[PDB]
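Working notes for the structure below.
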Amino acid sequence: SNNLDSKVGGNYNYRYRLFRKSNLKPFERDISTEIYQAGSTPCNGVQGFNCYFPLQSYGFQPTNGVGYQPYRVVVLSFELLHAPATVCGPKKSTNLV
Amino acid sequence: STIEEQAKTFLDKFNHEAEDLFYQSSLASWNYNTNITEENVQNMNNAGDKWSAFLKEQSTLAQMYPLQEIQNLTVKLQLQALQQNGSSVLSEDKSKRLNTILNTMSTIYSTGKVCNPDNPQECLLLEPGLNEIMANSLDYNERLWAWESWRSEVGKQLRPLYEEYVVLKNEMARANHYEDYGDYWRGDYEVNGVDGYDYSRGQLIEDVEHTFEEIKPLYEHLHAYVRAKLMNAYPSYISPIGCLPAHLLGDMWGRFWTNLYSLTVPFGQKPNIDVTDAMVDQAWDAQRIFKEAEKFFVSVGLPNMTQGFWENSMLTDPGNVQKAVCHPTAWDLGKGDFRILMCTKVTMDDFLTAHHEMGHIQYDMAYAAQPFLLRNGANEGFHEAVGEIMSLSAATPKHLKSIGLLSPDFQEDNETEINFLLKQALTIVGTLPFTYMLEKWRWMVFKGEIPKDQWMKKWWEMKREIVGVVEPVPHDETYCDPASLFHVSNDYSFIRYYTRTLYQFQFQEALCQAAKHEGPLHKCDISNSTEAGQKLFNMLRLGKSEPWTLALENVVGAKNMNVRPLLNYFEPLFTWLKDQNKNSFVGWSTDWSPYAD
C-alpha cells in the first residue's frame, strides 16, 4: 500500500494496540482505549510512571524500507455451519446441441 | 509484578517512539546535506532538538528501574545507555556553557584560515585550502609557513577554549561515577555481566600499549626507509639517527603518509595498478559503479540492496544551485531506509571507496532486526573496520581481473606487490603511531597527570619517542596541537582509528581461512567464496547486543586484540625493508632536534 496509504510527512491514522494484559482470543476485537498498567501503580487514565497508552500509530512514508512498507491485508474466514449453503463457485454453461 | 516486567515494557514502548523521532531527525539532516536551503537548516534544528530532548525525557524514567533486579543481559544493555543522563548531571551553567564551547571551537575550525605570507591579500581557509596545498607542497618554507602560522592564531587562541572543554567534560564523568573523562570513552569497550568475557575499562590502556610494542619493529623500518629517500633534500635538518620534520609528513597533521607514496616508490620502472584509464575506456558511470559492487556482496552470501537504496542514491552534485557535501558518508536512518551521499567521479579510489561506503550499509542490514537501542556496532572500531575488509579485497589484482578492469596478462610478481604494500603501509602503519600518540596524550591530560604548563612540553617529548617527529620551531604551553585537529575539536573518539587497524586485519586473516585461500594474505580475495560470508554474517547481525569480546571469538577466535595479523599481512614488506635498511640505522633517537646542534 506504499503507493496509497503512505504519504509525505507520515500517516498516523492507522494505529495498533502495543500492550494488553493478556493475549486476544481467536476472532476477538477489542477497541478499548483504557490505559495499560504495567505494574501495581494506579493510573486512573493519567499517563505517568508504569502507565502507558496502548494504541500506537504506524509510521507511513514513501521513503521507508520495503520490509516496513504498509501492506493491506484481506482475511477471508471460511466457516461451514449447520445453516444451508449459498455462496458457491462460478458456473460453466457450455454450448447446446 | 517484578521490575523485570516493568523494564521490558518501558523498553518495548521506547523503541517505537524513538524510531519515529530518530528517523525524522536523520531524515531532516539528509535534506539539509543534499540541498542547502533555509527550510532544511531549520528542520535539522527542530528535528534534532525534538530527538535530543526525547532521550532527556526518557532518561528521567530510565533511572527509576535499577539494574540490580534485572537478570536479563539484553535488558540491562538497553537500559545501560538510557541510564546515562548526558549533560543533565552537569550544572545549569556548565551544561549550557558546554555547548557554547563545542560550537565556538567547531566554528573557529571551519572559519580558521592562514593568509599567504607572500600574498597578504589572498587568505586561504584550512579545508580544502590549507589541506590541499600541504599535500603536494615540496617546499620547506612554504610548508612551514602554513603549518607554523596555523597553530599561532588557532592553537594559541583555542587554548582557553580547550581548558574549559577539559574542566567541563570532567564534571560529567565524575557525576557518572567515572574515574575521569578519559575513562568515559573507554566505556565503549566495557564488558560486564558475562563470566570470563568481562573486559575492564582500564585494561584498554594496557592492550593498546602492549600491542604497540610489536608494531615498533615494523614502523621503525618503515620510518628509516622514508627518511632515506628524503635525506638527500635536507641533510642538515634530517639526521640519519634523528627524526623527520613535522611539516614534511605530507599533510597538515601528518595523519596519513599516502601523499609521500610518489617519492617513496621503490621501483619506478614498473607500471602500477590503476583502474582510472581502464574504467574510462569501459565507459562506466556512477550508476554502474555501485551495481558492480552490489554483486560482490552477493558472491559472499550477503543479501543485495533494496530497490529504494539505489533509487535514492546521490551520484553527484548538481552545481551550486543544489549543493551537497562530497565527503563520503553512510547514512542509516531507519525503517529500512538506507542511503549514501557522495560525489562520484571516475577514479581508482572511488571504486575502492564505493565498497567501503556500501560496507556500512551492508553492515546495517544484518542487525537491522535488533531493537533501536540494540542497533549499533559492538564498539567504535567495528564501524569502519567492516568496510575496510571489503575495500582490501577489491584492491587485490585477482578481484580487478575478475570484472575485467585489469588486463588478464598483467604480470604479478614481487616488484609489483612490494610497491602495493608500501602504499597501504603508509595509510595503515602511518596512522597507528599517530593514533596511539595523540589518543594517549588526551588520556594523560584529562587524567591530570600532565600539568597545564606541560601540555606542549609532553606533546613533542612523547612525539619523538612514539612517531619519531620533531618540531622545527619550538612551542610553549600556549599552543595546542590537538585543538586544530578535526576529531579533537569536534569531540569525537580518536581511539576508534587505532583499533580499526587491528580488527580489520584479524577478519582478513580469519575470513581467508574459511575460503581456503593459499599464499600471501594480500593475495587473498573473498569474492566467489560463500563460506566466508556465512561466518561473518553471524556477527554482523549481533551488533552491540552482545559483548564485543564474545562476538570477536566467533569470527577470529580471539578474546582480545592481537598484532599477529599485522605482521603476516605486512610480512613481505618487512622482509624487503629490512634489507634496504642495512646500509642505514633502524630506529630514531629522541635527543636530536633541528634547532639544537
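Chain labels run A, B, ... following the order of the C-alpha cells; each chain numbers its residues from 1, and ligands are numbered from 1 in the order shown.
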message = At a cut-off of 6 Å, which residues of chain A touch chain B? Count only C-alpha atoms and give the answer as a ChimeraX atom specification.
response = /A:38-39,64-65
request  = Please run DSSP on the backbone and report, as a ChimeraX atom specification, all residues within stretch 49-95 of chain A that come out as strand (DSSP E or B).
outcome  = /A:51-52,55-57
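The residue set within 8 Å of stretch 562-570 of chain B, counting only C-alpha atoms and dropping same-chain residues fewer than 6 places from it, reads residues 211, 214, 215, 218, 421, 425, 502, 505, 506, 509, 520, 521 and 522 of chain B.
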Generate a file of the selected residues that holds N, CA, C and O atoms, formatted as a PDB file, in the first residue's frame.
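Saved the output as out-v7.pdb:
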```
ATOM      1  N   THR B 211      50.194  -3.881  22.533  1.00  0.00           N
ATOM      2  CA  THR B 211      50.192  -4.202  21.110  1.00  0.00           C
ATOM      3  C   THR B 211      51.082  -3.251  20.319  1.00  0.00           C
ATOM      4  O   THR B 211      51.628  -3.637  19.278  1.00  0.00           O
ATOM      5  N   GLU B 214      54.840  -4.382  19.603  1.00  0.00           N
ATOM      6  CA  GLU B 214      55.140  -5.257  18.478  1.00  0.00           C
ATOM      7  C   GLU B 214      55.134  -4.521  17.144  1.00  0.00           C
ATOM      8  O   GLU B 214      55.740  -5.003  16.183  1.00  0.00           O
ATOM      9  N   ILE B 215      54.466  -3.367  17.067  1.00  0.00           N
ATOM     10  CA  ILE B 215      54.447  -2.600  15.828  1.00  0.00           C
ATOM     11  C   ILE B 215      55.720  -1.786  15.640  1.00  0.00           C
ATOM     12  O   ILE B 215      56.034  -1.392  14.511  1.00  0.00           O
ATOM     13  N   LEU B 218      58.159  -2.921  12.918  1.00  0.00           N
ATOM     14  CA  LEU B 218      57.630  -2.688  11.579  1.00  0.00           C
ATOM     15  C   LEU B 218      57.620  -1.202  11.234  1.00  0.00           C
ATOM     16  O   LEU B 218      57.906  -0.827  10.092  1.00  0.00           O
ATOM     17  N   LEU B 421      52.187  -2.902  -1.244  1.00  0.00           N
ATOM     18  CA  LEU B 421      52.207  -2.965   0.213  1.00  0.00           C
ATOM     19  C   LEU B 421      52.686  -1.650   0.816  1.00  0.00           C
ATOM     20  O   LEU B 421      52.196  -1.229   1.870  1.00  0.00           O
ATOM     21  N   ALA B 425      50.880   0.518   3.514  1.00  0.00           N
ATOM     22  CA  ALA B 425      51.568   0.640   4.794  1.00  0.00           C
ATOM     23  C   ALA B 425      51.555   2.078   5.296  1.00  0.00           C
ATOM     24  O   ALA B 425      51.394   2.321   6.497  1.00  0.00           O
ATOM     25  N   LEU B 502      43.706  -3.141  13.869  1.00  0.00           N
ATOM     26  CA  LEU B 502      43.859  -4.497  14.384  1.00  0.00           C
ATOM     27  C   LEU B 502      42.635  -5.355  14.093  1.00  0.00           C
ATOM     28  O   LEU B 502      42.768  -6.565  13.878  1.00  0.00           O
ATOM     29  N   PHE B 505      42.382  -6.377  10.180  1.00  0.00           N
ATOM     30  CA  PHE B 505      43.347  -7.397   9.783  1.00  0.00           C
ATOM     31  C   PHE B 505      42.990  -8.762  10.357  1.00  0.00           C
ATOM     32  O   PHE B 505      43.211  -9.788   9.704  1.00  0.00           O
ATOM     33  N   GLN B 506      42.441  -8.798  11.574  1.00  0.00           N
ATOM     34  CA  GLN B 506      42.024 -10.072  12.152  1.00  0.00           C
ATOM     35  C   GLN B 506      40.955 -10.737  11.296  1.00  0.00           C
ATOM     36  O   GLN B 506      41.010 -11.948  11.049  1.00  0.00           O
ATOM     37  N   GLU B 509      42.456 -12.178   8.052  1.00  0.00           N
ATOM     38  CA  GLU B 509      43.126 -13.463   8.211  1.00  0.00           C
ATOM     39  C   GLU B 509      42.145 -14.588   8.515  1.00  0.00           C
ATOM     40  O   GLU B 509      42.372 -15.730   8.102  1.00  0.00           O
ATOM     41  N   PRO B 520      50.326 -15.539   0.116  1.00  0.00           N
ATOM     42  CA  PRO B 520      50.344 -14.342   0.962  1.00  0.00           C
ATOM     43  C   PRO B 520      48.937 -13.825   1.227  1.00  0.00           C
ATOM     44  O   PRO B 520      47.991 -14.099   0.485  1.00  0.00           O
ATOM     45  N   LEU B 521      48.810 -13.062   2.315  1.00  0.00           N
ATOM     46  CA  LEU B 521      47.497 -12.571   2.719  1.00  0.00           C
ATOM     47  C   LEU B 521      46.971 -11.520   1.748  1.00  0.00           C
ATOM     48  O   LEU B 521      45.777 -11.511   1.425  1.00  0.00           O
ATOM     49  N   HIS B 522      47.843 -10.626   1.273  1.00  0.00           N
ATOM     50  CA  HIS B 522      47.395  -9.588   0.352  1.00  0.00           C
ATOM     51  C   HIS B 522      46.918 -10.160  -0.975  1.00  0.00           C
ATOM     52  O   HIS B 522      46.229  -9.461  -1.726  1.00  0.00           O
TER      53      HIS B 522
END
```
message = Can you pull out every residue from stretch 7-172 of chain B that DSSP, working from the backbone, puts in helix (DSSP H, G or I), and format the result as a count of residues only?
response = 130
request  = Fewer than 6 positions away in the same chain doesn't count, so skip those; otherwise give me all residues within 8 Å of stretch 10-26 of chain A, counting only C-alpha atoms, as a PyMOL selection string.
outcome  = (chain A and resi 36+54-61) or (chain B and resi 13)
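One distance worth recording is that between atom CA of residue B:367 and atom CA of residue B:540, which is 6.3 Å.
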